[PDB]
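Here the structure comes first, spelled out in structure tokens, and everything after it is commentary.
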Amino acid sequence: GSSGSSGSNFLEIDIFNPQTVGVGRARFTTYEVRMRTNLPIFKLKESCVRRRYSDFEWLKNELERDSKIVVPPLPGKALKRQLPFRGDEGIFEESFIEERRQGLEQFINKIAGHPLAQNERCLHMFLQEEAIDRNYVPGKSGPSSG
């Protein structure tokens with residue numbers, strides 16, 4: 001085959017395929033982060049990787065380092081625990097998953113739009129790359145100098 005289709009640049013990410021991990025309680029789920037762009041900045045045109053909300057919290061933060069970068073808020077709220085023992089107070093409903101599933105998608109959908117982010121590597125690493133490598137080695141990093 002050959003194929004060949006294009007027209008107008010478009011950078012968007014999809015969040016679906018909610019898979020549950022672990023067993024017992026305070027369990028969590030993931031989402032298939034499938035991005036699709038036609039920009040050069042991105043080495044790959046399309047890639048599918050697995051990621052969760054808690055993960056995004058690592059990425060987002062990575063953006064909230066220092067670079068006049070405007071990162072959007074994460075969909076969720078929780079802060080009332082002295083010691084790391086408790087988590088979710090029994091929550092199992094499509095709505096919830098949807099909320100986050102959609103939320104993130106939106107957050108990234110906008111985050112991706114960000115130019116300062118489009119250059120960021122962590123972003124890509126959080127996309128193309130399936131497994132993040134905390135304290136990775138920077139190289140190439142899109143069109144450097146300029």
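Simple scheme: letters A, B, ... for chains in structure tokens order, numbers from 1 for residues in each chain, numbers from 1 for ligands in the order shown.
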
Counting only C-alpha atoms, which residues of region 86-116 of chain A fall within 9 Å of region 120-130 of chain A, and what is the closest atom pair for each with its distance in Å at one decimal, ordered by chain and rising number, as CSV?
residue,atom,partner,partner_atom,distance
A:112,CA,A:123,CA,8.1
A:115,CA,A:120,CA,8.6
A:116,CA,A:120,CA,6.4

For those residues, write N, CA, C and O atoms to a file as a compact mmCIF listing (two decimals), in the first residue's frame.
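Here's the written file selection_37.txt:
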# COMPACT_ATOMS: atom_id res chain seq x y z
N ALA A 112 -1.66 20.71 24.77
CA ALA A 112 -0.98 20.42 23.51
C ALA A 112 -0.92 21.70 22.67
O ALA A 112 0.10 21.97 22.03
N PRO A 115 2.27 26.45 22.87
CA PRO A 115 3.49 26.40 22.08
C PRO A 115 4.69 26.03 22.94
O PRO A 115 5.52 25.22 22.54
N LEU A 116 4.74 26.63 24.12
CA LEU A 116 5.82 26.37 25.05
C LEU A 116 5.84 24.88 25.40
O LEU A 116 6.89 24.33 25.75

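For the set A:134, A:86, A:45, A:80, the residue with the smallest atom-to-atom gap to residue 58 (chain A) is A:134, counting only C-alpha atoms.
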
Would you write out, as a tab-separated table, a table of all residues in region 34-60 of chain A that have an atom no more than 9 Å from an atom of region 90-111 of chain A, listing for each the closest atom pair and the distance in Å to one decimal, considering only C-alpha atoms and ordering rows by chain and rising residue number?
residue	atom	partner	partner_atom	distance
A:52	CA	A:101	CA	8.8
A:53	CA	A:104	CA	7.2
A:56	CA	A:104	CA	8.0
A:60	CA	A:111	CA	9.0

Convert the current residue selection to file output with N, CA, C and O atoms, as a PDB file, in the first residue's frame.
ATOM      1  N   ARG A  52      -2.454   7.614  33.287  1.00  0.00           N
ATOM      2  CA  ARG A  52      -3.549   7.881  34.203  1.00  0.00           C
ATOM      3  C   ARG A  52      -3.499   9.332  34.683  1.00  0.00           C
ATOM      4  O   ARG A  52      -2.611  10.089  34.292  1.00  0.00           O
ATOM      5  N   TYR A  53      -4.462   9.678  35.524  1.00  0.00           N
ATOM      6  CA  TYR A  53      -4.538  11.025  36.063  1.00  0.00           C
ATOM      7  C   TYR A  53      -3.317  11.340  36.928  1.00  0.00           C
ATOM      8  O   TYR A  53      -2.626  12.331  36.697  1.00  0.00           O
ATOM      9  N   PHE A  56      -0.490  12.300  34.898  1.00  0.00           N
ATOM     10  CA  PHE A  56      -0.569  13.652  34.369  1.00  0.00           C
ATOM     11  C   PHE A  56      -0.089  14.674  35.402  1.00  0.00           C
ATOM     12  O   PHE A  56       0.446  15.721  35.042  1.00  0.00           O
ATOM     13  N   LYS A  60       2.114  17.588  34.227  1.00  0.00           N
ATOM     14  CA  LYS A  60       1.673  18.951  34.472  1.00  0.00           C
ATOM     15  C   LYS A  60       2.733  19.685  35.297  1.00  0.00           C
ATOM     16  O   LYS A  60       3.193  20.757  34.908  1.00  0.00           O
TER      17      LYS A  60
END

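CA of residue 3 (chain A) lies 29.0 Å from CA of residue 31 (chain A).
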
Which one is closest to residue 135 (chain A): A:119, A:20, A:11, A:62? Count only C-alpha atoms.
A:62

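Using only C-alpha atoms, the contacts of residue 14 (chain A) at a cut-off of 7 Å, with sequence neighbours closer than 3 positions omitted, comprise residues 33, 34, 35 and 105 of chain A.
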
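Straight-line separation from CA of residue 54 (chain A) to CA of residue 30 (chain A): 9.4 Å.
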